[PDB]
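Novice: Let me start by giving you these chains from the complex, positioned as in the assembled structure:
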Amino acid sequence: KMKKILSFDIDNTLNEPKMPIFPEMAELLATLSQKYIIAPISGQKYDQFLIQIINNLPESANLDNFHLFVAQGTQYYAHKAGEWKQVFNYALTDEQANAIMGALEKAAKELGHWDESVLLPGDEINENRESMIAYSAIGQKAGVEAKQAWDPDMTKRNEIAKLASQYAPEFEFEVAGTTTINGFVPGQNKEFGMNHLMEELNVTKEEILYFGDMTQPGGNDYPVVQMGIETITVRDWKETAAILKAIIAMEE
């Protein structure tokens, strides 16, 4: 058949925002992995791909068929013979990381959004994910209740990302998730990641079916839409789950 790769953002596509996937999802992905490549592509860092997805999969999952495009596919991890390996990592220089972090910090502080008093113990706002920076306004470990209240309509993140861009015009700052702005070297977004996916997996655009929630002009899934990869827009993880349940039922 034409479609070989089932690709997904994590955020609000496979899970509740930044949370472990539910058992229902874990089983669907495990079943599909017997026959298809599962290629999550997301701003999340590698350890969070493990916590959100891999650590929750049943033992029957074929982990060899989970191909992980981390930090929007600026890093890539593949599994073979019981072991994950880093295939590539377009790492930031120290200078780039500091410039990107600093721009986000200055913007957030100026706009009145930088409040470390709300942080859970040992948490931080700005995280260096090696090849990308993630500013997550009320912390990298904040709960969904708290996160969804913070910027429901994206106004805060839009204004932070705009100001960060003015402060460091040589970089790119993109709204994500519930509380996040991703900062990176320009062009190194999901378009970058998908181009790498196609090269690494030896597939054409037509052989990928992509799922995401931010597929409108300006959203972080729009680059995939615009590349000509068939994209099904979802609103939440339950929508994705219904779709995968049906795919499985119609294959049997």
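Specialist: Yes, it's here. Numbers count the residues shown, from 1 in each chain, chains lettered A, B, ... in the order given.

Novice: per-domain residue ranges of chain A.
Specialist: Taking curated CATH domains as the reference, chain A has its domains at A:1-90+A:187-252, A:91-186.

Novice: Let me have the ones you listed in TSV, extended by mean neighbour count.
Specialist: Bear in mind the C-beta positions are built from the backbone N, C-alpha and C, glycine included. Formatted as TSV, those follow (neighbours: other CB atoms under 10 Å):
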stretch	mean neighbour count
domain A:1-90+A:187-252	18
domain A:91-186	18
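
Novice: Let me know the secondary structure of the nearest residue to residue A:177 once chain neighbours are set aside.
Specialist: The shortest distance from residue A:177 to any non-neighbouring residue, by CB to CB, 6 or more residues apart in numbering, is to residue A:11 (4.9 Å). State at residue A:11, reduced to three classes by DSSP: H, G, I helix; E, B strand; the rest coil: coil.

Novice: Likewise for residue A:211?
Specialist: Going by three-state DSSP: residue A:211 is strand.

Novice: do you know how far it is from residue A:117?
Specialist: 37 Å (CB to CB, to the nearest Å).

Novice: can you check residue A:244 too?
Specialist: 41 Å.

Novice: Over to residue A:246?
Specialist: 46 Å.

Novice: if I pick the residue nearest the centre of chain A, what's in contact with it?
Specialist: With distances taken as CA atoms, centre = their mean, the residue of chain A nearest its centroid is residue A:42 (1.7 Å). Residues in contact with residue A:42, defined by CB atoms under 8 Å, 6 or more residues apart in numbering, are A:9, A:10, A:11, A:49, A:69, A:70, A:72.

Novice: so which of the residues you listed comes closest to residue A:144?
Specialist: Among the contacts of residue A:42, residue A:11 lies closest to residue A:144 (CB to CB), at 11.6 Å.

Novice: Residue A:106 versus the closest one, what's the distance?
Specialist: 25 Å.

Novice: same for the helix or strand where residue A:240 lies, what does it pack against?
Specialist: Element membership for residue A:240 (DSSP states H and E) is helix A:237-251. In this structure, helix A:237-251 makes packing contacts with helix A:23-33, judged by 3 or more CB pairs under 8 Å, 6 or more residues apart in numbering; DSSP states H and E.

Novice: export the following helix or strand past the helix it packs on as PDB, just CAs?
Specialist: Moving toward the C-terminus from helix A:23-33, the next helix or strand (DSSP H and E) is strand A:37-42. Taking C-alpha atoms only, strand A:37-42 is exported to PDB below (Å, rounded to 0.1, in the frame of the first residue of the first chain):
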ATOM      1  CA  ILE A  37       6.700   3.100  11.000                       C
ATOM      2  CA  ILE A  38       5.600   5.300  13.800                       C
ATOM      3  CA  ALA A  39       7.400   8.600  13.500                       C
ATOM      4  CA  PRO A  40       6.600  11.100  16.300                       C
ATOM      5  CA  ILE A  41       8.000  14.500  15.300                       C
ATOM      6  CA  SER A  42       7.900  17.100  18.000                       C
END
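
Novice: add chain B to what we have:
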Amino acid sequence: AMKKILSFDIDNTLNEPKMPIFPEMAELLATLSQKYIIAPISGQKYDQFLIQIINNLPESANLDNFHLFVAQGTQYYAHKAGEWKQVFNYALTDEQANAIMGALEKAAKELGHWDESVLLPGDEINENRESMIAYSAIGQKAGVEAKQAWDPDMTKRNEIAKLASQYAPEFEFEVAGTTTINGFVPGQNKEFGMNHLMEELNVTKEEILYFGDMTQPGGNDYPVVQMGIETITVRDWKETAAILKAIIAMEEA
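Specialist: Let me add chain B to what's already shown:
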């Protein structure tokens, strides 16, 4: 090859409540109808199946593969030789129709929910759908906006259904749709419809994929779930559309 029947409880699966399918949905169903039977099932009456589904399909659709399980599947219409025909209709006796209607009216009136002043011209609250009764609180013709505001948490319909059941304990009252209680002979809900679907189409349970929005215990799709028929829970027609698009994509050679 196992699934041969795609069955859908029409409202909030194929369309907005009691409304026509969107053009994208029409095209998805027409595509799937080349290969699969499309079996809509609903408390709605036959004319509404035509209005909501059939009349909106493109000419390319395979109408012979649309098998209509009307009024919960107490009626069944099939298309063959360019025509629709009624295959069965488990009509109500007059005694039954009147008892069911009267219980709903009495119950809605006692609970302060019967208001004929909000009805569109020509409209009615209780409708006799031959083999089933539908009480639709603000009329059979009300728009989605007004309907979805009337009883979004099902409070009003649950209390009306319980009191009507007290008045007429020989009948079954099921909350449905946005404004509706379906009233019928005991047991003649979607389980009855699905059994008859299996007989008429000569299929087993495993050959059906069902779609519905009320699939938790107590909801009007649970009698199908409870049979062990695989069921996809959806929330609105856009979710179903996403699913159908995916099915079609995954079938392409």
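
Novice: so, what packs on helix A:237-251 revisited with chain B in the model?
Specialist: helix A:23-33, strand B:208-212, strand B:231-233, helix B:237-251 (3 or more CB pairs under 8 Å, 6 or more residues apart in numbering or on different chains; DSSP states H and E).

Novice: ok so, going back, for the residue nearest to the centre of chain A, name its beta-bridge partners.
Specialist: For residue A:42, the beta-bridge partners under DSSP bridges are residue A:70.

Novice: now it: how far from residue A:5?
Specialist: Taking CB to CB, one finds residue A:42 at 15 Å from residue A:5.

Novice: Then residue A:13?
Specialist: Distance from residue A:13 to residue A:5, by CB to CB: 15 Å.

Novice: what does residue A:194 give?
Specialist: 10 Å.

Novice: Overlap in contacts, these two.
Specialist: Listed as contacting both residue A:194 and residue A:5 by CB atoms under 8 Å, 6 or more residues apart in numbering or on different chains are residue A:208.

Novice: Output the helices and strands packed on helix A:237-251 as CSV; include the columns distance to residue A:128.
Specialist: Shown next, in CSV, are those (distance: least, CB to CB, whole Å):
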stretch, distance to residue A:128
helix A:23-33, 28
strand B:208-212, 45
strand B:231-233, 40
helix B:237-251, 36
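
Novice: Out of the ones you listed, the one nearest residue A:82 is which?
Specialist: Once those are compared by CB to CB, helix A:23-33 is nearest, at 15.1 Å.

Novice: Quick check: which helices or strands does the closest one pack against?
Specialist: Judged by 3+ CB pairs under 8 Å, 6+ apart, the packing partners of helix A:23-33 are helix A:237-251.

Novice: who in chain A is up against chain B?
Specialist: Counting by CB under 8 Å from any CB of the partner chain, chain A comes close to chain B at A:1-3, A:209, A:230, A:232-235, A:238-239, A:242-243, A:245-247, A:249-252.

Novice: what residues does stretch A:111-121 touch?
Specialist: Here stretch A:111-121 makes contact (CB under 8 Å, 6+ apart) with A:105, A:108, A:125, A:137-139, A:141-142, A:146, A:156, A:159-160, A:163.

Novice: Could you rerun that using 6 Å?
Specialist: The contact list for stretch A:111-121 (CB atoms under 6 Å, 6 or more residues apart in numbering or on different chains) reads A:108, A:137, A:138, A:139, A:141, A:156, A:159, A:160.

Novice: By proximity to chain B, which residue of the stretch 1-150 of chain A wins?
Specialist: residue A:2 (4.6 Å; CB to the nearest CB).
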